[PDB]
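Protein chains in written order, with my numbering: chain P, 668 to 774; chain W, 21 to 72. The beta carbon of each residue, even a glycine, is placed where N, CA and C say it ideally should be. First the structure, in the form of structure tokens, and then the observations on it.
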Amino acid sequence: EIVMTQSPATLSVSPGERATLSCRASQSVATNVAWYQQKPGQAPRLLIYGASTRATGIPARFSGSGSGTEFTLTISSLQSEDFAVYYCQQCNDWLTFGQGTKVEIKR
Amino acid sequence: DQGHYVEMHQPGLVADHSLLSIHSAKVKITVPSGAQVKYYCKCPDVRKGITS
């Protein structure tokens, strides 16, 4: 669907308010795309850390928190810590197909 | 004449259909210009209307 060419990462060294930007090539990686700012590890927190890229969903420690900050559905890496390090791909499960975000790896 | 007169009243509201295009999977609003077209799908959308 709305191909989510995610911005690769959420840059953070000290614990700080980062944004795991996850762009969509077609459109904004949004709630219609249902980017959901997911901070999906393989097994761990492999869920929508955001909620349709608008609010902090299941896998967020407020670091994959839902936020479409641009066409990039920023999995808002607020106070990103070492445990916040996850591929916070705002994984779009859009209405037509997935078209999920590749990765916005918080760290 | 101006002894007679009619008040050019403020116009009002107009419902539309055509702006609700398809998003290739679902609805897709398409606003020409400044038309804050009140739209309400199953959930409350921006009933204030959007130019977006």
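Taking CB atoms only, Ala55(W) has no neighbour in chain P less than 7 Å away.
Short of 7 Å from the beta carbon of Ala697(P), and not among the five residues preceding or following it, lie these beta carbons of its own chain, in chain order: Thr720, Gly735, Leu740. Within the same chain, and ignoring the five residues on either side of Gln746(P) in sequence, the residues whose Cβ sits closer than 6 Å to its Cβ are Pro682. Taking 8 Å as the upper bound for CB-CB distance, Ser732(P) and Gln705(P) are not in contact here, some 11 Å apart. Assignment of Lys769(P) by DSSP, reduced to helix, strand and coil, places it in the coil class. In the structure shown, the three-state DSSP call for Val670(P) is coil. With contacts defined as CB atoms closer than 7 Å, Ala686(P) and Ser743(P) qualify as a contacting pair.
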